[PDB]
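# Overview (structure and organization)
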Amino acid sequence: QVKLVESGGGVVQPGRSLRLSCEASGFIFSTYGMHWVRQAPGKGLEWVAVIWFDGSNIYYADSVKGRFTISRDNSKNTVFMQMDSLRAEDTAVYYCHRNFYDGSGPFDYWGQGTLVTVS
Amino acid sequence: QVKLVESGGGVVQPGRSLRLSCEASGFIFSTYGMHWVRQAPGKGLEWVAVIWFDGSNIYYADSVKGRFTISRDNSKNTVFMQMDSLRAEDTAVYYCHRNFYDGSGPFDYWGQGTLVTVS
Amino acid sequence: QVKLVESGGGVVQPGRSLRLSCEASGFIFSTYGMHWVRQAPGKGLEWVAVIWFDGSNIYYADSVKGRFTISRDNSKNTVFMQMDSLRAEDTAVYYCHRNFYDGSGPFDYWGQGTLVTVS
Amino acid sequence: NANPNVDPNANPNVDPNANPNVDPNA
Amino acid sequence: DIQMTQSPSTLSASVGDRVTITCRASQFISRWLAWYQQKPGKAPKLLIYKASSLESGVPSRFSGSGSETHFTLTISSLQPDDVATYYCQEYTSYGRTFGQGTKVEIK
Amino acid sequence: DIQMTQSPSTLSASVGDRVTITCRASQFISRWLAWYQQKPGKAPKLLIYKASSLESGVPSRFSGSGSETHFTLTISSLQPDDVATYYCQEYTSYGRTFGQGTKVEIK
Amino acid sequence: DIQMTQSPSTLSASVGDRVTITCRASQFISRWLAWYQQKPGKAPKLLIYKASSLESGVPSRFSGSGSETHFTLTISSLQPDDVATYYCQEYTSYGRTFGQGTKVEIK
């Protein structure tokens with residue numbers, strides 16, 4: 001059964017780093033790609049970044065460029081997000097999402113999200 | 001109370017034209033398509049032409065194609081069929097038919113038919 | 001109204017061969033391919049071979065490779081399977097089956113099954 | 001036509017089409 | 001060019017008898033076949049819309065089944081009220097094709 | 001840099017009514033518009049696969065249309081169970097773009 | 001090479017009980033998994049069209065679910081008529097892969 005399990009949140013004082021992760025389960029991340037979607041409480045969803053399988057396609061939202069970096073642990077089937085120099089505006093729930101479409105129907109897969117507070 | 005009402009028939013001299021029409025009532029032609037079905041007296045049904053919503057996907061039976069033109073009046077919710085160069089083989093009752101399937105059930109919608117006689 | 005009827009089974013000495021056939025009825029084998037499915041007594045189903053319409057995409061289970069050949073008689077609407085070098089482990093009921101899905105639902109079409117004994 | 005999130009490979013056993021007279025979503 | 005042919009173009013049976021009409025497509029139509037009943041003086045009535053799925057209001061007498069190219073309309077317990085010409089209709093695309101029309105009378 | 005906009009930021013209708021949610025883009029989506037339903041406190045669920053394509057398991061009451069840069073989500077027979085924020089997602093490349101979200105309440 | 005495995009090789013339950021059968025693919029098969037019911041001595045009946053979609057004519061007791069590699073068949077309110085060997089079938093390409101099959105017995 002496919003699940004995306006986020007972990008690694010907490011309270012980060014301003015200017016400090018945080019390293020989040022999403023453990024894949026039920027599938028091997030060997031196909032499409034993984035997305036981080038952020039939601040500040042009271043706000044809508046913001047896509048933040050994608051790491052395509054094998055790192056051939058790395059993209060970020062303008063709001064985090066040069067501050068966030070994403071990567072994959074290719075042995076543990078786990079996706080990581082390195083968040084440096086965090087600011088108050090980055091408070092949000094960070095969700096792990098794995099959406100693709102393939103013939104038979106859509107696939108989405110959302111996790112529960114990791115809460116990151118930056119105050 | 002959904003009806004299709006045909007008109008514009010009558011007796012036409014061979015080589016002359018008639019312009020048939022079918023009024024939509026109780027529904028809006030906003031979705032699928034509209035058909036004309038011909039039945040020469042004593043014979044079975046013959047499909048004549050289809051117009052698809054927005055005036056596309058236009059198809060005709062080989063027996064009528066090039067003599068018949070089908071078009072939609074987008075203001076009057078009415079379908080028109082221009083029948084040119086009529087010949088004796090075109091004598092028939094021309095029925096207006098709106099058929100599609102979805103959701104809760106089939107929709108057949110037949111009118112009564114306008115008689116076209118070539119004399 | 002669709003039948004697939006297997007024949008050509010019986011008892012064959014190990015090392016020899018049988019030619020099984022499946023007569024199609026109720027449908028021209030116009031498009032989707034036809035499969036032989038094997039069931040050794042007391043065991044579950046094993047797919048054995050597929051012949052695709054027009055004799056193109058032909059595949060076999062590894063367990064029968066180099067021994068079975070599948071072909072279609074394109075005049076009689078029937079599929080033949082030549083089973084060479086039969087062994088005791090090939091005792092099975094050989095069923096004819098055509099599976100293809102298309103919009104309106106599935107079309108399973110299973111036959112009755114012919115028993116092949118190879119002792 | 002191309003989209004990186006979509007695999008353009010039909011299943012040989014399923015007709016990748018629809019009947020225009022019938023709503024594809026039942 | 002999906003030609004539709006109804007083989008038993010003329011049928012007749014006594015009331016309560018069972019009759020069938022066979023419609024054969026020259027091409028595969030994937031169950032997209034409707035059947036219609038045309039009473040004299042009236043536009044055709046839909047009876048079966050999808051290879052045995054019935055139109056609401058249709059008597060239990062009517063049924064049918066079929067697949068791919070070979071389809072049948074059946075009438076159990078045939079009544080005088082069923083003297084109509086029956087038509088099979090292919091509806092796989094834009095436009096429709098009707099069979100020749102099969103008439104069922106009463107003995 | 002593609003902006004996604006949902007103009008009717010808040011809608012409300014009684015149970016059984018019809019809710020119309022429009023969605024526009026500054027650049028072509030070309031039918032690659034997914035619609036998501038987010039119940040507050042939960043991750044969003046996908047409703048609409050692409051313009052006019054409903055995902056299996058999503059009630060038939062949901063439907064929609066559009067192309068190019070103009071799309072609509074329709075909620076028929078609105079239920080209390082539909083109070084969610086609905087979002088537009090553009091998936092035309094390696095990454096997603098989301099709209100603001102429209103809140104649909106009950107009268 | 002796809003090795004489909006059905007875990008509960010033998011199931012046993014009283015009438016009205018709920019039982020499930022799981023099936024695991026060794027490769028991604030994108031929901032293209034069918035389920036069949038084979039009674040002794042007969043060709044198998046197709047029950048589930050695609051994971052999550054039930055074949056017409058099959059009792060509502062049968063409900064499929066799952067995706068990519070992990071699939072389930074649920075039989076609600078198990079009846080005596082459900083004693084059969086159930087098989088999962090991979091259909092992503094030419095040919096089919098059948099699972100070992102599971103047998104459902106009644107207490």
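Counting starts from 1 on each chain and goes along its sequence as written, which need not follow the entry numbering; residues with no coordinates are hidden. All chains are assigned letters beginning with A, and all ligands numbers beginning with 1, in the order in which they are written. To get the side-chain values, take all heavy atoms of the structure and skip hydrogens and water.

Per the deposited record, cryo-EM is how this structure was determined, to a resolution of 3.36 Å.

### Quick word on the overall build of chain A
Cut-off, in case you're wondering: Helix and strand labels come from DSSP, where a helix needs a run of H or I of at least four residues and a strand needs a run of E of at least two; each type is numbered from the N terminus. Radius of gyration means the value over C-alpha atoms here, while the globule rule gives 2.2 Å times the residue count to the 0.38 power. Only protein chains enter the accessibility calculation, which uses a 1.4 Å probe; a residue whose area is less than 20% of its type maximum is buried, one above 50% is exposed, and one in between is partly exposed. Two residues form a contact once any of their heavy atoms are found within 4.5 Å. Accessible areas in this description were obtained via Shrake-Rupley with a 1.4 Å probe; residue shielding takes into account the shown protein chains only. Charge counting follows a simple rule: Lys and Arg are positive, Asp and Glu are negative, and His as well as the terminal groups are ignored. Taken as the charge centre is NZ of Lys, CZ of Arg, CG of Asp or CD of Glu, depending on the residue.
Of regular secondary structure, chain A possesses zero helices and twelve strands. Taken from the N to the C terminus, the helices and strands of chain A come in the order β-β-β-β-β-β-β-β-β-β-β-β. A compact globule built from 119 residues would reach a C-alpha radius of gyration of about 14 Å, and chain A, at 14 Å, matches this within 12%. Across its three principal directions, the C-alpha atoms of chain A cover 45 × 30 × 25 Å. The 119 residues of chain A split such that 55% are buried. Restricting to contacts in chain A with at least 6 residues of sequence separation, those with at least 24 account for 51%. Counting only carbon and sulfur atoms, one obtains 47% of the accessible surface of chain A, whose full area is about 5,000 Å². Counting 11 positive and 11 negative side-chain charges, chain A places the centres of these two groups 4 Å from one another.

### Things to note about the packing of aromatic side chains
Residues and elements named next belong to chain F. What counts, and what does not: Here is the rule: rings of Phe, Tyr and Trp (six-membered ring for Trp) pair when centre to centre is within 6.5 Å. Planes less than 30 degrees apart are stacked, more than 60 are edge-to-face, and the remainder are tilted.
Under the counting rule described, the total for this entry stands at 52 aromatic pairs over all chains. Measuring from ring centre to ring centre gives 6.3 Å for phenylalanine 62 and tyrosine 86, while their planes differ by 45 degrees; the resulting arrangement is tilted. Here the residue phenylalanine 62 occupies a position in strand β7 (residues 62-67), and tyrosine 86 occupies one in strand β9 (residues 85-93), the gap between them amounting to 24 residues. Neither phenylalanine 62 nor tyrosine 86 differs from the other in exposure class; each is buried.

### Observations regarding the pairing of strand β7 (residues 68-73) of chain C
Remark: a regular strand shows side chains that alternate across the two faces of the sheet. Residue and element names in this part refer to chain C. Test applied: By the convention used here, strands pair only if DSSP detects at least 2 bridges between them.
Bridging between β7 and strand β8 (residues 78-83) involves six bridges; their strand directions are antiparallel. Bridging from a neighbouring strand, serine 71 pairs with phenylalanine 80 of β8. Where β7 hands over to β8, the hairpin turn is made up of four residues, of which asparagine 77 adopts a positive phi near 55 degrees.

### Points about the sheet that holds strand β3 (residues 19-24) of chain G
Residue and element names in this part refer to chain G. Spatially, the four strands line up as an open sheet ordered β1-β3-β8-β7, and their pairing is antiparallel. For this open sheet the edge positions go to β1 (5-6) and β7 (62-67), each flanked by a neighbour on one side alone. With two bridges connecting them, β1 and β3 associate as antiparallel partners. The residue bridging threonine 5 from the neighbouring strand is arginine 24, located in β3.

### Brief notes about the state of the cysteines
Disulfides are covalent bonds that link the sulfur atoms of two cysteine residues. Residues and elements named next belong to chain E. Spelled out, the test is: Two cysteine sulfurs form what is called a disulfide whenever their separation falls within 2.5 Å.
Enumeration over the complete set of coordinates arrives at six disulfides over all chains. Each disulfide pairs two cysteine sulfurs, and for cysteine 23 the partner residue is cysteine 88, the sulfurs being separated by 2.0 Å. Looking down the S-S bond of the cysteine 23 and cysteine 88 bridge, the torsion is 65 degrees, so its handedness is right-handed. Pair noted here: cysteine 23 is in strand β3 (residues 19-25) and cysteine 88 is in strand β9 (residues 85-93), with a separation of 65 residues, a long-range link. Both residues of the pair, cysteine 23 and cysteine 88, count as buried.

### Focus: the interface of chain G and chain C
The criterion, for reference: By convention, the term buried area covers the 1.4 Å-probe accessible surface removed from two parts as they join, with the contributions of both added. What counts as a salt bridge is simple: a side-chain nitrogen of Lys or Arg found within 4 Å of a carboxyl oxygen of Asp or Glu. Side-chain atoms alone can form a polar contact between residues adjacent in sequence; in general such a contact is a pair of N or O atoms within 3.5 Å, and within protein one must be able to donate a hydrogen while the other accepts it. Any residue that is not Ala, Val, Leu, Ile, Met, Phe, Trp, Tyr, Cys, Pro, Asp, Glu, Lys or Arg is counted as polar, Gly included; the first ten are nonpolar and the last four charged.
Of the residues lining the interface, 20 residues belong to chain G; the matching set on chain C comes to 21 residues. Taken over both partners, the interface formed by chain G and chain C buries close to 1,700 Å², and the fraction arising from carbon and sulfur atoms is 62%. Summed over the shared surface of chain G and chain C, the result is zero salt bridges. Counting across the interface, chain G meets chain C through five residue pairs in polar contact. Secondary-structure elements contributing two or more residues to the side of chain G that touches chain C are β4 (33-38), β5 (45-50) and β9 (85-90) of chain G. If you tally residues by element for the side of chain G that touches chain C, the top one is β5(G), at four residues. Partitioned by chemical class, the residues of the side of chain G that touches chain C number eleven nonpolar, five polar and four charged.

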